[PDB]
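First up is the structure itself, then whatever we jot down about it.
There are 4 protein chains.
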Amino acid sequence: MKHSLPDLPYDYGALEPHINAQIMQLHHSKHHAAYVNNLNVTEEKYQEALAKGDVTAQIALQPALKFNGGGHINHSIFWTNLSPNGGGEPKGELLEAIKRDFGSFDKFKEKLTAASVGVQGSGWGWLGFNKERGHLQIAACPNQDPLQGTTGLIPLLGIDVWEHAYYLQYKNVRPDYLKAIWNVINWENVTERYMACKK
Amino acid sequence: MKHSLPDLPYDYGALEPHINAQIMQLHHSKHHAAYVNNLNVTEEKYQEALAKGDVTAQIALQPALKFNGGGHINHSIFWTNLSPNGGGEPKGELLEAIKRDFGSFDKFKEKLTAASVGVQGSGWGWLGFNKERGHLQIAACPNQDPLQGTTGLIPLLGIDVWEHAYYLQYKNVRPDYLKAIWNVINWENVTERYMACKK
Amino acid sequence: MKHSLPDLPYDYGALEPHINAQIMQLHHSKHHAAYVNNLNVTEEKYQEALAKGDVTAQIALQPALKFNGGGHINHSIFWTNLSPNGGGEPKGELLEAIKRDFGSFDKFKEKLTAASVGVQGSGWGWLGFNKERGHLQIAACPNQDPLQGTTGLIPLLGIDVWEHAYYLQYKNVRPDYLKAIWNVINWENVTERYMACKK
Amino acid sequence: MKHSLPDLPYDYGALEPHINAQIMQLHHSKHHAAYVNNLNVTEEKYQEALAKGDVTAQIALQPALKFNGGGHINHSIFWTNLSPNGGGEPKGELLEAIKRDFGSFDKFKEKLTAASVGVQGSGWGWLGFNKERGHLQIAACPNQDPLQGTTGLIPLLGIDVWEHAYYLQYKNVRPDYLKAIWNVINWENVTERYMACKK
Ligand SMILES: [Mn+2]
Ligand SMILES: [Mn+2]
Ligand SMILES: [Mn+2]
Ligand SMILES: [Mn+2]
Numbered sequence: 000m001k002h003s004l005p006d007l008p009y010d011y012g013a014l015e016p017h018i019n020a021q022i023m024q025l026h027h028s029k030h031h032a033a034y035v036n037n038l039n040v041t042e043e044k045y046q047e048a049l050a051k052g053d054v055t056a057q058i059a060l061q062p063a064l065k066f067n068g069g070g071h072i073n074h075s076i077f078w079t080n081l082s083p084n085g086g087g088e089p090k091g092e093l094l095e096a097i098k099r100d101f102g103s104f105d106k107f108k109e110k111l112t113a114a115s116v117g118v119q120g121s122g123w124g125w126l127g128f129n130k131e132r133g134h135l136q137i138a139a140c141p142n143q144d145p146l147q148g149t150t151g152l153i154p155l156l157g158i159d160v161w162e163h164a165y166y167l168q169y170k171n172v173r174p175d176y177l178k179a180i181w182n183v184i185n186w187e188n189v190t191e192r193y194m195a196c197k198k
Numbered sequence: 000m001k002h003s004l005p006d007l008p009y010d011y012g013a014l015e016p017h018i019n020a021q022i023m024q025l026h027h028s029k030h031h032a033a034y035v036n037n038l039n040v041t042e043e044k045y046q047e048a049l050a051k052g053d054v055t056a057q058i059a060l061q062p063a064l065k066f067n068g069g070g071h072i073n074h075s076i077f078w079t080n081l082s083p084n085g086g087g088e089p090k091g092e093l094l095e096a097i098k099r100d101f102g103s104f105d106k107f108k109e110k111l112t113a114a115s116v117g118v119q120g121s122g123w124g125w126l127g128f129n130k131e132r133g134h135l136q137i138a139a140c141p142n143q144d145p146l147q148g149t150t151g152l153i154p155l156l157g158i159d160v161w162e163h164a165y166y167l168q169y170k171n172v173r174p175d176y177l178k179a180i181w182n183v184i185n186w187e188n189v190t191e192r193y194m195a196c197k198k
Numbered sequence: 000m001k002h003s004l005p006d007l008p009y010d011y012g013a014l015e016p017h018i019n020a021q022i023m024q025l026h027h028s029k030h031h032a033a034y035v036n037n038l039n040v041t042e043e044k045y046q047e048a049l050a051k052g053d054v055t056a057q058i059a060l061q062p063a064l065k066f067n068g069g070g071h072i073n074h075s076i077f078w079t080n081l082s083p084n085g086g087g088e089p090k091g092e093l094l095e096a097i098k099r100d101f102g103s104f105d106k107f108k109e110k111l112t113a114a115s116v117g118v119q120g121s122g123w124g125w126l127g128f129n130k131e132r133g134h135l136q137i138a139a140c141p142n143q144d145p146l147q148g149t150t151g152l153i154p155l156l157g158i159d160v161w162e163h164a165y166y167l168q169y170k171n172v173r174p175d176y177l178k179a180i181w182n183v184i185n186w187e188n189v190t191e192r193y194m195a196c197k198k
Numbered sequence: 000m001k002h003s004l005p006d007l008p009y010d011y012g013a014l015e016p017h018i019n020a021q022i023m024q025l026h027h028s029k030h031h032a033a034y035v036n037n038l039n040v041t042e043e044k045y046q047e048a049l050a051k052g053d054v055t056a057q058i059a060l061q062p063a064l065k066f067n068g069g070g071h072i073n074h075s076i077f078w079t080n081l082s083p084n085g086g087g088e089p090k091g092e093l094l095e096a097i098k099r100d101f102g103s104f105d106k107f108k109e110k111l112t113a114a115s116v117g118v119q120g121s122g123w124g125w126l127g128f129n130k131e132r133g134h135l136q137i138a139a140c141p142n143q144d145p146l147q148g149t150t151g152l153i154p155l156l157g158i159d160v161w162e163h164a165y166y167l168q169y170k171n172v173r174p175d176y177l178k179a180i181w182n183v184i185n186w187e188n189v190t191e192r193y194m195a196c197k198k
């Protein structure tokens, strides 16, 4: 298919002072760019392996496909989850769901914060939608393992907790990065993803 | 190119009393057949996903491809590793390599036996060839994960220690199964795989 | 406090024709006994390592502790989940919860059956209780990994799908074993575990 | 036992300009300090669980013990592997082993460099000693999984490739950090670790 690096929907500095411009420029133009490129490389090798029926070659490529393929997915969603006009709380049916499933908005933040802080190593924190049960669910994933591909849950809000997402600004203090990132969350997109899961 | 269940090179009862016909008949005609057929199904689903660039669908299918693809691979080699004319010890350059890398033939047996008994759950014990280092190496693998695809080693001799491989005859006592199987090892084939990697 | 193999609450043949006596006799007196004894051995080695602060020795032993410790746990619950007076459906608050969380009793069976058949390799299928969310949840676990220790869910009903649990009687056809086992499920005990978590 | 943060054997800035002082101060006083403290917390909970025979509690703590316990080990070794007087190449029996097992010193650097660059996520690159085979071996480990505890190999040289080890200075360009770190390698310690493995 030939995957492409999506244009960022805002200037690299639109999220200051919560997430500085230096990070956004590295995260999009270097890190995300690397996942896409290698993903394109990986898929071409796999197409060859399928045509030859080289099952060994297919399995050796799996780690690279899940890693870079996941990277493309997770960051492509992540950018839309942030916005200079973001922050505050959601409204409408999403807020009603957060109240029902978690009790309140502040308790949801605490649990998703804890999931993101609890990730041991590199990974992501996620708010997702469980189609089968029809309710919200928090989950964490290691490295770039994607939410939907590995768990079946539909991503609504993702928090990147790889050190490159915050270290330059917040150093080892991951909890400050989590507290600041709530200021730029684009609940308008999260709502769309939530409403999309329902008929 | 569709994958097919290979014919067994000997009668189902050619390995009695070491491995009874009921095991060999179920192991080949029931267990192996299902991995192959399902692999063909998975490869069709995967090819569809690759053509659309659906990275989510590709990642969700990986387990079924590694499991059944590995199952097809592992059993296809396993059958060639056994023969009614087998047993005894190898000769030639293979025996010289086993002496050099493991000390003696009896020490290699202890090491591969120990690795195979050590599998916690289902898996396989393997003697393999490390191309980069140019020597023999034993490894164990879980479920139907294939050796070469996950480790880079070239499979020479595989021991299936899934319970369906022996339970009917030896029940829970895997060490009795391991003791019996050495009498039907096709050292003529193991040598062929070994000499092929060297040049 | 040393761990001990619990006595089976019924004769080895009390579950015929659903689970023959030969399976029950091997499963309890051979398989379960080994996990317990080895667990006692592992705990002694681990206690020695902890007292010396040998973190290396502690980490190297973790697999043996999770495997045999889980094996002891899982089987000790499994035996209580079966009874010759079992079968049929549950009643009371447990049945109401199954209807609310899964739709109906027949839908819960399909979901737990599907989860148990889906185990690739050895493992267990579980119905569990999520304390935080306060509802039922199905999960599968590999090898002898215990439910509560790895997921936080309280085990209510476990289905052992290790091949030694059924192969002698049903051979490779796990769906026949799953079909038969529902007739001996001790819904009286499953309820007791459920009501204990609620207050 | 009560583990303690070892004093660093040199000033935070003794490795400039290869590894700046800001990193060394964060890496030792914040990151390494966190692993120790939580490790002490984890071991106390485990001592309680062993005395009560709470096997569930033991397994729930395993991730925390391997993570922080490994962190203490890996960094405690890492500091001794660097030195302001470091760099260059080793001599004596270690260099002879590197020539025999890898071909040359430059080829060893390429392979250990590649292993360190290849780590997907957080982890470590290692040169180790295989006691059984009596030769050197390169391996990578994810997160803080320790070499000896998980593979049996004796650590000789470890390369920390967690992003916090280099990002502030080298940003996303991990390969530059690897090229620079060769300038401060304390081969005097690596030799001691190597000679210790031999009688
Ligand atoms: Mn990222
Ligand atoms: Mn098999
Ligand atoms: Mn069992
Ligand atoms: Mn570190």
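Chains as they are written, first to last, in the entry's author numbering: chain B, 0 to 198; chain A, 0 to 198; chain A', 0 to 198; chain B', 0 to 198. A prime marks a further copy of an entry chain.
Every residue gets a Cβ at the ideal spot worked out from N, C-alpha and C, and that includes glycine.
Min CB distance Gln119 (chain B) to chain B' below 8 Å: Judged by the 8 Å Cβ criterion, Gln119 (chain B) is in contact with chain B'.
So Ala139 (chain A) packs on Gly157 (chain A), CB below 8 Å; how close in whole Å? Not a contact, Cβ separation roughly 10 Å.
Could you name the residues of chain A' that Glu42 (chain B') contacts, counting a contact when the two beta carbons are closer than 8 Å? Simply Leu49 and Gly52.
To the nearest angstrom, how far is the alpha carbon of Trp123 (chain A') from that of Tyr166 (chain B')? Between the alpha carbons of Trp123 (chain A') and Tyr166 (chain B') lies a gap of roughly 43 Å.
Which residues does DSSP list as the beta-bridge partners of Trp181 (chain B')? Beta-bridge pairing links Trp181 (chain B') to no other residue.
First and last residue of the uninterrupted beta strand (DSSP E) at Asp159 (chain B): In the DSSP annotation of this structure, the continuous segment of the beta strand (DSSP E) that includes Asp159 (chain B) starts and ends at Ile153 to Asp159.
What distance in whole Å lies between the Cβ atoms of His71 (chain B) and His17 (chain B), which are believed to be in contact at a cut-off of 8 Å? Contact doesn't hold; Cβ gap of about 24 Å is too wide.
Verify whether the separation of the beta carbon atoms of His30 (chain B) and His163 (chain B) is less than 8 Å. For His30 (chain B) and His163 (chain B), yes; Cβs fall inside 8 Å.
8 Å Cβ cutoff met for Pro83 (chain A) and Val183 (chain A): The Cβ atoms of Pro83 (chain A) and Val183 (chain A) sit closer than 8 Å to each other.
Check the Cβ of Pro145 (chain A) against every Cβ in chain B and list those closer than 7 Å, keeping chain order. Ordered by position in chain B, the residues that pass the 7 Å Cβ test against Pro145 (chain A) are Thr55 and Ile58.
From the beta carbon of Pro62 (chain A'), is the nearest beta carbon of chain A less than 8 Å away? Put simply, the CB of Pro62 (chain A') is near chain A, with a gap under 8 Å to one of its CB atoms.
For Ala13 (chain B), name the three-state secondary structure that DSSP assigns. DSSP places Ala13 (chain B) in coil when its eight states are reduced to three.
Cutoff 7 Å; reference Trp161 (chain A); Cβ partners in own chain excluding five residues on either side: Excluding its 5 nearest sequence neighbours in each direction, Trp161 (chain A) has C-beta neighbours in its own chain below 7 Å: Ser121, listed in chain order.
Could you have a look at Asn142 (chain A) and say whether DSSP puts it in helix, strand or coil? Coil.
Examine chain B' for any beta-carbon lying closer than 8 Å to the beta-carbon of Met23 (chain A'), and answer yes or no. Nearest CB-CB separation between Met23 (chain A') and chain B': not below the 8 Å threshold.
With respect to 7 Å, is the separation between the Cβ of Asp6 (chain A) and the closest non-hydrogen atom of ligand 1 below this value? It does not: the Cβ of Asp6 (chain A) is nowhere closer than 7 Å to a heavy atom of ligand 1.
Would you verify that the beta carbon of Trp78 (chain B) is, or is not, closer than 8 Å to some beta carbon of chain B'? Not one chain B' Cβ lies under 8 Å of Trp78 (chain B).
How should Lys106 (chain B') be labelled, buried or exposed, when 16 other C-beta atoms within 10 angstroms of its C-beta is the threshold for buried? Counting Cβ neighbours within 10 Å, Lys106 (chain B') comes out exposed, since fewer than 16 surround it.
With a threshold of 7 Å, establish whether the CB of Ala164 (chain B) neighbours any heavy atom of ligand 1. At least one heavy atom of ligand 1 lies less than 7 Å from the C-beta of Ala164 (chain B).
List the residues of chain A that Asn39 (chain A') touches, going by C-beta distances under 9 Å, in chain order. By Cβ distance, chain A contributes nothing, its closest Cβ being about 18 Å from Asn39 (chain A'), past 9 Å.
Would you report the Cα separation of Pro174 (chain A) and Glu109 (chain A), rounded to the nearest angstrom? About 11 Å.
Rounded to whole angstroms, what is the Cα-Cα separation between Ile58 (chain B) and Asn129 (chain B')? Distance between the alpha carbons of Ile58 (chain B) and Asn129 (chain B') is about 28 Å.
Using 8 Å for Cβ pairs, my map puts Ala32 (chain B) next to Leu7 (chain B). What's the rounded Cβ distance? That belief does not hold up - the Cβ atoms of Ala32 (chain B) and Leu7 (chain B) are roughly 12 Å apart, past 8 Å.
Cβ closer than 8 Å: which chain B residues qualify as neighbours of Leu152 (chain B')? Per Cβ cutoff of 8 Å: no residues; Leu152 (chain B') is ~21 Å from chain B at best.
Go through the segment 18-65 of chain B residue by residue and report every complete run of the alpha helix (DSSP H) that reaches 4 residues or more, in order. Assignment of alpha helix (DSSP H) within the segment 18-65 of chain B, counting only whole runs of 4 or more residues, yields 20-25 and 32-51 in chain order.
Strictly by DSSP, which residues pair up with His134 (chain B')? B':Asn129.
Where do the ends of the alpha helix (DSSP H) carrying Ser115 (chain A) lie? Counting along the chain, the alpha helix (DSSP H) containing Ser115 (chain A) begins and ends at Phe104 to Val116.
Can you check whether the C-beta of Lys170 (chain A') is within less than 8 Å of a C-beta belonging to chain A? Yes, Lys170 (chain A') lies at the interface with chain A (some Cβ there is under 8 Å from its Cβ).
Taking the straight line between their C-alpha atoms, what separation do you get for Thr149 (chain B') and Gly69 (chain B')? Looking at the two C-alpha atoms, the distance is approximately 10 Å.
Hey, out of B:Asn171, B:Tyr9 and B:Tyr193, whose CA is closest to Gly85 (chain B)'s CA? Out of B:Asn171, B:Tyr9 and B:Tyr193, B:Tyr9 has the C-alpha closest to the C-alpha of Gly85 (chain B).
Do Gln119 (chain B) and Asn142 (chain B') have their beta-carbon atoms positioned less than 8 Å apart in this structure? Going by C-beta atoms, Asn142 (chain B') is nearer than 8 Å to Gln119 (chain B).
In angstroms with no decimal places, state the Cα-to-Cα distance between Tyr11 (chain B') and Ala63 (chain B'). Roughly 28 Å between the two C-alpha positions.
Of the listed residues A':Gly102, A':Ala20, A':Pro154 and A':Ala48, nearest to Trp125 (chain A') (C-alpha basis): The shortest Cα separation from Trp125 (chain A') among A':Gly102, A':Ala20, A':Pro154 and A':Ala48 belongs to A':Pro154.
Determine which residues share a DSSP beta bridge with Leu81 (chain A') and list them. Its beta-bridge partners are A':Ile184.
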